[PDB]
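Some notes on the structure that comes next.
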Amino acid sequence: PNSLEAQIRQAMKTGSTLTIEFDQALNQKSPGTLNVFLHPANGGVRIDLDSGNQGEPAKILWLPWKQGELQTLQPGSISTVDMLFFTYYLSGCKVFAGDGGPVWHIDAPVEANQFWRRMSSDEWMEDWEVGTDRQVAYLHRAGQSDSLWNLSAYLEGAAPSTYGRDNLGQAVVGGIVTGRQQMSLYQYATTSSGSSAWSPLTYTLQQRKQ
Ligand SMILES: [Br-]
């Protein structure tokens, strides 16, 4: 087979099944570029800081998870075509990504009005004028209470993407860098039924309402 990094990038693009296991220790690393090790795992790849166990070094873009908080990947971090991006597992969490803008990983219990308030101090958000459009990818868990994710007061456009059902399930989000400050996003979900194949996570047109 190819390098584990290439295997992931091909699984994403081809819409194949290839799971990702993350070491929790990665959440102690700040957002931005990160040197990790990739290893074979049952049905997929493990990403950690273990230099042994047939580990293959890779430089990725990384976005940690933090309890009760948002974490942000700034687009200034993004350059190298075909570099992979990952965030930690979504456990009821939300991911909001602006095309050419930041990516936010928001923990499950943070209310939508609160996380939008926090997001909106970012320079990319301040530059997004009411009545104008951006391309935004937004992913939440299906069946979660609407107060934890509904941004309809703020954005008009396509509905969010969802993962899971009945407020159960997890997701993995990653990406492939396509250029300066540019990435294409991919996702899969894990439920009682098993893990889905990768598919695109689509940026949709959104107009800012207020
Ligand atoms: Br929840």
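A few notes on this one:
- Residue list for region 191-204, restricted to those being exposed (fewer than 13 other Cβ atoms within 10 Å of the Cβ) and either at positive phi or part of a strand (DSSP E or B) (or both): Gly194
- Wholly within region 1-111, strands (runs of 3 or more DSSP E) carrying at least 3 residues that are within 16 Å of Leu139 (Cβ to Cβ) and of a type outside the set (S, T, N, Q): 94-98, 103-106
- Residue that is closer than 18 Å to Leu205 by Cα, surrounded by fewer than 16 Cβ atoms within 10 Å (Cβ to Cβ), within 18 Å of the chain's Cα centre (by Cα) and not hydroxyl-bearing (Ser, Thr, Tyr), where the choices are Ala137, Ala153, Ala159: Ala159
- Any chance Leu151 is touching a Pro at 6+ places or on another chain (Cβ under 7 Å) and either within 16 Å of the ligand (Cβ to nearest atom) or assigned to a loop (DSSP other than H, G, I, E, B) (or both): no
- Test: residue in region 107-116 that is under 17 Å from the mean Cα position of the chain (by Cα), under 19 Å from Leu61 (Cβ atoms) and aliphatic (A, V, I, L, M): no
- Some residue of region 98-107 being within 25 Å of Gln207 (Cβ to Cβ), surrounded by fewer than 20 Cβ atoms within 10 Å (Cβ to Cβ) and touching a residue at least 12 places away in the same chain (Cβ under 8 Å): yes
- Qualifying residues in region 118-141 (those that are within 15 Å of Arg208 (Cβ to Cβ) and of a type in the set (A, V, I, L, M)) - the one nearest to the ligand (Cβ to nearest atom): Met119
- Contact annotation: residue pairs with Cβ atoms under 6 Å, 6 or more positions apart or on different chains, pairing a residue in region 153-173 that is hydroxyl-bearing (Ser, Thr, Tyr) with a partner that is in a loop (DSSP other than H, G, I, E, B), are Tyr154/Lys209; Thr162/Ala142; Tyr163/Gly169.
- Only one of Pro102, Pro109 that is at negative phi, within 16 Å of the ligand (Cβ to nearest atom) and not hydroxyl-bearing (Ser, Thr, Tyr): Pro109
- Any chance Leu185 is in a strand (DSSP E or B) and in contact with a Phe, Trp or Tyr (Cβ under 9 Å, 6 or more places away or on another chain): yes
- Within region 87-129, the set of residues being of a type in the set (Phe, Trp, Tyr), closer than 25 Å to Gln7 by Cα and in contact with a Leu (Cβ under 7 Å, 6 or more places away or on another chain) comprises just one member, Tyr88.
- Of all the residues in region 23-78, those that are more than 23 Å from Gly98 (Cα to Cα) and in contact with a strand residue (DSSP E or B) (Cβ under 9 Å, 6 or more places away or on another chain) number 27.
- Of all the residues in region 166-181, those that are loosely packed, with under 15 Cβ neighbours inside 10 Å and either more than 25 Å from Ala108 (Cβ to Cβ) or away from the ligand (no atom under 13 Å from the Cβ) (or both) number 3.
Readers should treat all values here as calculations from the given coordinates under stated rules, not as data from a laboratory. Neighbour counts run over all protein chains shown; Cβ positions are idealised from the backbone, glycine included.
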